[PDB]
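Next come structure tokens for two forms of one protein chain, structure 1 first, structure 2 second.
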Structure 1
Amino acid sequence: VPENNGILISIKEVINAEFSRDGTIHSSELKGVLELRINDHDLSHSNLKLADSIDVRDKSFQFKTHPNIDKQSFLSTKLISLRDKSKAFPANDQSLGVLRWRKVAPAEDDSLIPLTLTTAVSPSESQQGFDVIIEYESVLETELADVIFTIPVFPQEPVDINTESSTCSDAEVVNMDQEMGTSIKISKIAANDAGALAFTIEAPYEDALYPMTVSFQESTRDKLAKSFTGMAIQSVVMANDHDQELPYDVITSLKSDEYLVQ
């Protein structure tokens, strides 16, 4: 649980993506939520001003405000404010979802995708299973750390990481029980970098190796942080007096969910 020093705003995005085995993009879906936590009663009569760069009328984002949040102010001035102007936000450090968005992209469209994937598989020789290569390319401006790939098999023989065919970031099997099967973690994917993970794994037939799932999460704590889609806070202001700014912090995050190759 991140610490809240008064106001803490969390901009959380979750990305779903699906790839064919050769890396062709099938679909993607980004969901986002802006959560507000307040633990100081003196800061509870506040409004959030979203960044001027955000187009709040972009219908492809299906912006939806919470029932208690004034939709008309959001749409008019990019302001998050209560619908009843005489009330204040709960201030006992509850996570308050105030705004949500969702966007989808279709086949062959990479606009929502932070990490592209391709796979190559062949029957191995010099063990009993398949030689897999997972190729990846990041378009993020920051590093992804601890990226986990899960293959849905439970082999009788240990996985053999093919260190020479894979990257020179390092790979190792790890326990990861959020996904079913055998999981391999890569330490880092540098900003904007392309790499490969190569291993041999036992499976009864090629199609058993799929869906391969990837699991990753990054966050930044910084007042000026912008989410993957560009969501960001410009300021936080007294609800009465929009010239009076208040202290606050912002965490942004991007997490995979259904991010697979099939």
Structure 2
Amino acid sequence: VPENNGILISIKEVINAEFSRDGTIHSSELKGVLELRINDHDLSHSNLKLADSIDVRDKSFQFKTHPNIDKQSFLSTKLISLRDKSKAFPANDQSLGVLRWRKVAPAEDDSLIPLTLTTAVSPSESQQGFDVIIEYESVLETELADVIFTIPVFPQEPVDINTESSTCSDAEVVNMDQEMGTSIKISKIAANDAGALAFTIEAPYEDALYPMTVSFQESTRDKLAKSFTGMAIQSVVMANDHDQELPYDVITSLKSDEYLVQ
């Protein structure tokens, strides 16, 4: 739970994405919610202005505003405000979801993908199984920390990371589980950087290695932070007076959900 100095705007996006084994993009789906937390009653009679970049009338996003929000004012002036012009938001510091969106992209379209993935498999001499290379490239601006790759086998023999061909080679097996499978953590994927995670693992046949899933999370606190799809705040403002600015912080985040290769 982030700390709130009066107004805290959380822009949270969840990315689903799917690839073939060779890295060909099958599909993606991005979901978003803008959350508002207010804890000082003076600030609760407020209006948010969205960044000049964002197109609120772009229908591919299916922008839906909370029922109490003035839908028309959102569409004309990119203003989060209330129907009842004299009502206020709660000052109770509870997370109020006021705007949502969802966008999808088709096969071979990378516009919603923060982390592209490719896999290669050839058989191994060191175990009854396969030498795997997972190649990845972030197009994010920040670093990802503690990315987890899960391979849905529970082997008998422990997994051997290839420390030579893995980019971020303190990479380690964190667990091996009968239902959840085998999870490898790598500590960093740096901004706009291609890497690779090489290892060897015991499996009865190639198809048992799939689906491979990845798990990751980016968070950034900053007034000028932009979400992965370009959601951002321009200002916050007294509902009754649009020149009178108000103090506020923004968190933007991006976490994966169904993010996989098979």
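Basically, rigid core = biggest C-alpha set you can superpose within 1.5 Å across the two forms. Residues that one form lacks are left out of the comparison. For numbering, take structure 1's sequence and count from 1.
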Rigid-core superposed between structures 1 and 2, candidates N92, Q72, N175, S111; the one over the 2 Å C-alpha cutoff or at it is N175
Once the core is aligned, what is the C-alpha displacement of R102 between structures 1 and 2? Give it in Å to one decimal. 0.6
If you line up the core, how far does the Cα of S166 move between structures 1 and 2, in Å? 1.6
Displaced runs between structures 1 and 2 (core superposition; 3 or more consecutive residues; every C-alpha shifted by 2 Å or more) cover 168-170, 175-179
